[PDB]
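Consider the single chain below, provided in structure tokens and representing the form deposited in one PDB entry.
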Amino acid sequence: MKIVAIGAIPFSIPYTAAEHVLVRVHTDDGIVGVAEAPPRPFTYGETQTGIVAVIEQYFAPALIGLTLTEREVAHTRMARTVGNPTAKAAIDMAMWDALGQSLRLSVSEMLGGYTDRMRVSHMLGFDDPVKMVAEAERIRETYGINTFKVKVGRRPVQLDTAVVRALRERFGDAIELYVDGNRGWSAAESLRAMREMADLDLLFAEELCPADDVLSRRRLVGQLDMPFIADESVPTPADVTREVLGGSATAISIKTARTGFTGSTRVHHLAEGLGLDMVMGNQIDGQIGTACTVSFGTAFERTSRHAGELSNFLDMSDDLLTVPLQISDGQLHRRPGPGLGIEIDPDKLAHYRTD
């Protein structure tokens, strides 16, 4: 189980576009672990070109020679390089995939195996209330999804509060609802919006305003009833500690795209120890990334007690798996096979790769 090579292949798939990087960890046993790295310059500052570069130029040469059971050595070596979250996460998850295949165990069970499935949430917004209601009905009827996260951040705030209210009026208590502003509103606008929706039983408020508007962010978080999920502002455990102790976050988003499995376990244990809720998020992941999210989320009780953002891949026109993921009865099961339980379709990769 020694790493003999690590590759990074850029690929592009149009949306109904995902310009991700397929990361592959090759072992001396002929096993190949895989994962994807989604470049999000507006969240982490990584680019597709940059991810391939850091992996080929820095991470690959630093990890070749290590066994699949020296994860902490790999973790420590990669940690020397600052940032480049998805690049590091992809390598970690590909290593875990390879390990699982080598031991004939799923990543989920190796991580803890608490359960075998997660409830799925769907995100929507930035359109008319009538259209949003129509989409929610379609998604719920088609996939059984009962949890919806409304993307907000428009001005006037009434444009978004109208969407959330329309959804609650249509489904009543039959669905779960919460919001994510992606730092789009000011703290003051965020408070006015939440106050207007005080009767809609929103379970969480996610990154309504910039965490970097430090003092106003802290004031807002202290004014809200529900937990305030920090996402882009807590990419590392140290950020979790600073934002939580500082009062700018009262809940934590865990995204395997940025913290993989080794790092995500560090985030889960920190959040559990501190006593904070956690939710599995989506980095606008393809099916490879989604398979990773469910692999981790199902391993623990604290992550599986909440729905996970696992439906974004449906918006892609195609994907790289030989067997596509399926959402039924509003849930997604962790794959039955060893490792991530997935396989890359050779023809799909050949058709979508851009190198």
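For the two forms, the rigid core is made up of the largest set of C-alpha atoms that agree within 1.5 Å on superposition. Residue numbers run from 1 along the displayed sequence.
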Per the record, how many residues of the deposited chain fall between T16 and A17 without being modelled: none, 1 to 3, 4 to 9, or 10 or more? 10 or more
As the entry reports it, the stretch among 167 to 175 and 192 to 200 with higher mean C-alpha B factor is 167 to 175
If you take the mean CA temperature factor per stretch, which one wins between 290 to 298 and 64 to 72? 64 to 72
Residue selected from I229, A136, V107, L215 by maximal Cα B factor: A136
Of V130, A89, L274, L111, which one's C-alpha B factor is largest in the deposited record? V130
CA B-factor placement of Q326, once the chain's modelled residues are sorted into thirds: highest
Considering every modelled residue of the chain and its Cα B-factor in the PDB entry, is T147 in the lowest, middle or highest third? middle
Would you mind checking where the Cα B-factor of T47 ranks among the modelled residues of its chain, as the lowest, middle or highest third? middle
Just say lowest, middle or highest third for the CA B-factor of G125 relative to the other modelled residues in its chain. highest
Split into thirds by Cα B-factor across the chain's modelled residues, where does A162 land: lowest, middle or highest? highest
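There is another form of this protein, the form deposited in another entry, and it is not shown here; the text below is about that form.
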Where among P237, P129, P227, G184 does the Cα move by 2 Å or more between this form and the one not shown after the core is superposed? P129
